[PDB]
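The chain below stands alone and is given in structure tokens; this is the form deposited in one PDB entry.
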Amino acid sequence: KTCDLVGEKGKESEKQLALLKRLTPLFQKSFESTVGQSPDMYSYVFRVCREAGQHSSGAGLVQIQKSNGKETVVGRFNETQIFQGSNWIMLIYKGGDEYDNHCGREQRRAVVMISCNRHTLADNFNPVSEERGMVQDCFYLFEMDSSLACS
């Protein structure tokens, strides 16, 4: 019912479990941000290791078309990767819904850069961009502030 790590198990995997544990106070929260202009107005909902979608799909981050509440899963938390930088944490959710035309029809993916901010536990979640111009390895990029990424 929480984040599941993907990758090789070992010393590094063990460190990533520790990072997820540190983010526990954020689990109960839900972050949202609406961007874009009609007919492409989108609302992104992001959560840390908890269901961010409306259909129990295991979504960690979803995209909702404002015009018509169509929900698209950007990434699932059962496919998480996480890394600790000096003043930030990079959180990745793979296994989102598949593209039909772009990116070799691969599953969508979310990359969230959580930067250190001593003033708040969590705030300023914002979509940065969607890299959908590659034949593979595409991603939706986001940012958010959190004191938990600080040294």
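So that there is no doubt, residue numbering starts at 1 and follows the sequence shown. We call the rigid core the largest set of C-alpha positions that still match within 1.5 Å between the two forms. Only residues modelled in both forms are compared.
When 66-74 is weighed against 109-117, 66-74 comes out higher, by mean CA B-factor as recorded in the entry. Higher mean CA temperature factor, per the PDB entry, when comparing 57-65 with 32-40: 32-40. In the deposited entry, the Cα temperature factor of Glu143 sits in the bottom third of values across the chain's modelled residues.
Sorting the modelled residues of the chain by their CA temperature factor places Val135 in the highest third.
Beyond what is shown, the protein has a form deposited with a small molecule bound; the following relates to that form.
The closest non-hydrogen atom of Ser30 lies within 4.5 Å of the small molecule in the bound PDB entry. Taking non-hydrogen atoms only, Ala122 approaches the small molecule to within 4.5 angstroms in the bound PDB entry. Here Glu143 does not count as shifted, since its C-alpha moves by less than 2 Å between the shown form and the other one after the core is aligned. Core-superposed comparison between the shown form and the other one: the Cα of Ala18 travels less than 2 Å. Remark: with the core as the superposition reference, the CA shift of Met134 between the shown form and the other one reaches 2 Å or more. Relative to this form, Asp137 and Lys21 separate from one another in the bound PDB entry, with their C-alpha atoms ending up at least 3 Å farther apart.
Relative to the shown form, the CA atoms of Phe142 and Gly133 are brought 3 Å or more closer together in the bound PDB entry. Regions where at least three consecutive shared residues each shift by 2 Å or more at the C-alpha between the shown form and the other one, after core superposition, reduce to one span, 129-139.
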